[PDB]
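A.B. asks: Provided herewith is a single structure, encoded as structure tokens, for subsequent inquiry.
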Amino acid sequence: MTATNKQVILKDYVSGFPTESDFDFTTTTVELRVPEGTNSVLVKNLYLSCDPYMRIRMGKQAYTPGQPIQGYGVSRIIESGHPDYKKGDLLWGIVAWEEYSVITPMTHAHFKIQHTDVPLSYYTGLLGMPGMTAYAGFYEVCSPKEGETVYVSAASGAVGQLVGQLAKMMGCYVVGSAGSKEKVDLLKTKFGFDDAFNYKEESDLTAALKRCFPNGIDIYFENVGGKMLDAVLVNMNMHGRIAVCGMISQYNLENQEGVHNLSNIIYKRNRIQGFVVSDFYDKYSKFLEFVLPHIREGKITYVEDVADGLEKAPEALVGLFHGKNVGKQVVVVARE
Amino acid sequence: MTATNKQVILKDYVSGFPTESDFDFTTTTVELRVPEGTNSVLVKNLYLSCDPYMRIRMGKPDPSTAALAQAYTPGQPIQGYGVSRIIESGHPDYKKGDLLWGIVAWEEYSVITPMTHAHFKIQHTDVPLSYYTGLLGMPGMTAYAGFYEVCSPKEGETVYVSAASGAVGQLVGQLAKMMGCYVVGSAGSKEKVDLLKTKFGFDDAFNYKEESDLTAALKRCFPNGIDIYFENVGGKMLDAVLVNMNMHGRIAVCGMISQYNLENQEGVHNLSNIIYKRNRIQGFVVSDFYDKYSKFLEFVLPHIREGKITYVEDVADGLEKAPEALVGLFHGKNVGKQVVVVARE
Ligand SMILES: NC(=O)c1ccc[n+]([C@@H]2O[C@H](COP(=O)([O-])OP(=O)(O)OC[C@H]3O[C@@H](n4cnc5c(N)ncnc54)[C@H](OP(=O)(O)O)[C@@H]3O)[C@@H](O)[C@H]2O)c1
Ligand SMILES: NC(=O)c1ccc[n+]([C@@H]2O[C@H](COP(=O)([O-])OP(=O)(O)OC[C@H]3O[C@@H](n4cnc5c(N)ncnc54)[C@H](OP(=O)(O)O)[C@@H]3O)[C@@H](O)[C@H]2O)c1
Ligand SMILES: CCCCC[C@@H](O)/C=C/C=O
Ligand SMILES: CCCCC[C@@H](O)/C=C/C=O
């Protein structure tokens, strides 16, 4: 075939919060050939991830103006110049926001799917690059014992909803926070945490956390920052671990919020350790063969926001920095 | 037999900086009796220390601070670390001539109870007794504990040490030079920086005071960035270090002395940097590691006696000066460790 390839470019660099008018749709024409240099695969992009690191990549290796925005996503091989991928099987990894991409598959960037007995939308999230951040970030970096109390921020979403599920499986008391009432209702209905609150309904964030924890916070999984780290630093305990995954409060800000209560690290004998998921990708098969017995069984679940089409995909990345995503924000580019 | 026992009392709680005025003086009568309490010894305090925790045992009851603190009671005297000779006992491990270092009150004579990770015996006299406040005591143990067990160091790695000519800081940077390491310091005066470059053998050093852009100072000093940080300061300083740090690089949070004296506690912005740099900010109290005080003393006393560790001290005479001495530590007119002699020998 010689099909028309619909692409989402970034026009120019973003300074603050993203708008849909920082990105434009352009078209190329892909010849469905055995591809551009005999080391490569040609894929058809099935599902795409709208995940929040993309804002830090939108700043002045960083993205280049007039070219597609790179992201993770699930893809079907249409043709190959690589040895261990034939035509008709599945990968996940860094693809361009296209309908059809030619990529070179390097090991801990791009991964083959062997288990299609679960949704292939989950391989942008749960069994993808959000879910590995929750395995890796809770079991190494947070270093947990049972009974110990876990706090998850942006609990609602991607990374956050597996951290909490893995904790009320270990024997921990887990509290989450989220933006709207419907996002906060899932934490107790579906994912079945012990408590939850709406941080947007809290005028009282330090007092909110003193309410939820009569016994304090041993573990924190930091996805948010600033004002929430200040509050958590007060409500902590003796040898209290903080796992700094993200800072979504800060990405979208030029002159970014200051943390005041870092003196409660000497006193309260705290470890704040920052990680990157990429480092733990050697433990992906170890993760898959732990969590697929549990997803297949209904111990571990997932909520996804579905955004059908490449058309509503500027719409969908913009939407994270406000939290329109009721769970993990997937784009469907192709259904079959 | 009676003693005329002078004391240093605290008036009421501190907000902001201490002054010589937030402290007061009394005299008591102490009987030199063979004391019935339980496992209690009547000591005679010889030397005392001016240590900066004493500020967040001087402020109002807060739950955070109350992990190392108990908070000082507004009437009855200031507690702290210092050396002490036993002038009659009610213990097994201690008798009528033995010396102790530990947490005594700021008086001439005290009835204390020895506890294992509080009060420690001296069964080594070859070295100064004033040193069991600092080097052979609690500042030197912090330096051993927090550099070898929290900064998790390997040879050749680049170390930045803050409040570097004070008690804990000067030892860190020698313990670091005693491995492969590249040690740069920071201190207040010119007299202080000329002890880092010469006496305590640091590779380079500066005056944070005489530096306008602090990142520019640390990008001059380390071209290839910081691997280990011994954090004795906070604020401005911790922000500069986070942009000057290497990947999988560690930070040991000993103290944060810039903050203690502030009501409105200063913000560290770029703690964002620890994701993309895989960095570890780790806090400790020394209290947790006093089980390795035997394994400390078996190490350092071979290195002082051979001339591989160097140390300065700032002695002031009598309890009279012990207000003036704890105050001027927050400004920094202590050169090394601030000792207060109550009685010598
Ligand atoms: N270090 C790593 O290894 C690694 C890897 C991948 C991703 N990440 C990062 O970690 C986070 C992970 O995904 P996720 O689980 O958070 O999924 P998500 O729910 O899809 O992400 C968006 C969430 O951020 C919250 N939010 C947005 N603006 C905010 C603001 N201004 N202040 C406070 N909260 C705000 C919203 O939740 P509420 O209002 O609902 O609470 C919203 O649901 C991101 O920051 C991401 O960049 C880190
Ligand atoms: N268990 C523990 O973790 C533990 C135990 C002992 C001590 N500590 C802590 O570690 C720190 C110092 O240890 P040390 O034994 O070396 O004490 P020290 O001998 O009292 O050192 C005093 C230093 O304070 C500095 N200073 C004062 N105000 C300052 C300010 N506003 N900004 C920056 N620096 C300032 C001075 O330097 P300048 O001349 O440069 O101004 C001076 O050299 C304290 O924060 C203390 O509480 C912690
Ligand atoms: C090339 C895409 C970058 C992938 C690393 C990402 O997981 C890091 C998230 C940090 O916030
Ligand atoms: C009971 C006295 C407290 C002793 C702990 C002290 O070394 C901590 C210093 C923190 O800045």
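The count begins at 1 with the first shown residue.
Using N, Cα and C of the backbone, Cβ positions are placed for all residues, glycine too.
Residues annotated as NADP(+) binding site in Swiss-Prot: A:52-53, A:154-160, A:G179, A:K183, A:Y199, A:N223, A:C245, A:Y251, A:275-277, A:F321, A:325-327. Summarising the annotation, Swiss-Prot assigns substrate binding site to A:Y53, A:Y251.
Describe the structural context of each listed feature in the structure shown, including burial, neighbouring residues and relevant distances.
C.D. replies: In the three-state DSSP scheme, A:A158 (NADP(+) binding site) falls into the coil class. Packing around A:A158 (NADP(+) binding site) is summarised by its Cβ count: 31 other Cβ atoms lie within 10 angstroms of its Cβ, all protein chains included.
If you draw a 10 Å sphere around the CB of A:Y251 (substrate binding site), it holds 20 other CB atoms from the protein chains shown.
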A.B. asks: Neighbour count, 10 Å Cβ-Cβ cut-off, for A:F321 (NADP(+) binding site): what number do you get?
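C.D. replies: So the Cβ neighbour count for A:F321 (NADP(+) binding site) comes to 18.
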A.B. asks: What same-chain residues, at least 6 away in sequence, bring their CB to under 8 Å of the CB of A:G327 (NADP(+) binding site)?
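C.D. replies: Once residues fewer than 6 apart are set aside, A:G327 (NADP(+) binding site) is near A:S156, A:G157, A:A158, A:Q161, A:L186, A:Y302, A:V303, A:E304, A:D305.
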A.B. asks: For chain B, give the subset of the binding-site residues A:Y53, A:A158, A:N223, A:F321 whose C-beta is less than 8 angstroms from one of that chain's C-beta atoms, in sequence order, otherwise 'none'.
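C.D. replies: Near chain B: none of A:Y53, A:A158, A:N223, A:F321.
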A.B. asks: What number of additional C-beta atoms lies within 10 angstroms of the C-beta atom of A:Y53 (substrate binding site)?
C.D. replies: 16
A.B. asks: Taking the binding-site residues A:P52, A:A158, A:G179, A:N223, A:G327, which residues show a Cβ-atom distance to ligand 1 below 6 Å?
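C.D. replies: Once distances to ligand 1 are taken from each Cβ, A:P52, A:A158, A:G179, A:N223 fall under 6 Å.
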A.B. asks: If one looks at the chain holding A:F275 (NADP(+) binding site), which residues at least 6 apart in sequence have a CB under 8 angstroms from its CB?
C.D. replies: A:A136, A:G137, A:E140, A:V141, A:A243, A:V244, A:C245
A.B. asks: Can you figure out which of A:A155, A:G179, A:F321 (the binding-site residues) comes closest in space to A:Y53 (substrate binding site), comparing Cα atoms?
C.D. replies: A:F321
A.B. asks: Using a 10 Å radius around its CB, how many other CB atoms surround A:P52 (NADP(+) binding site)?
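C.D. replies: Result for A:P52 (NADP(+) binding site): 22 neighbouring Cβ atoms inside 10 Å.
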A.B. asks: Cβ under 6 Å from ligand 3: which of the binding-site residues A:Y53, A:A155, A:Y251 qualify?
C.D. replies: A:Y53
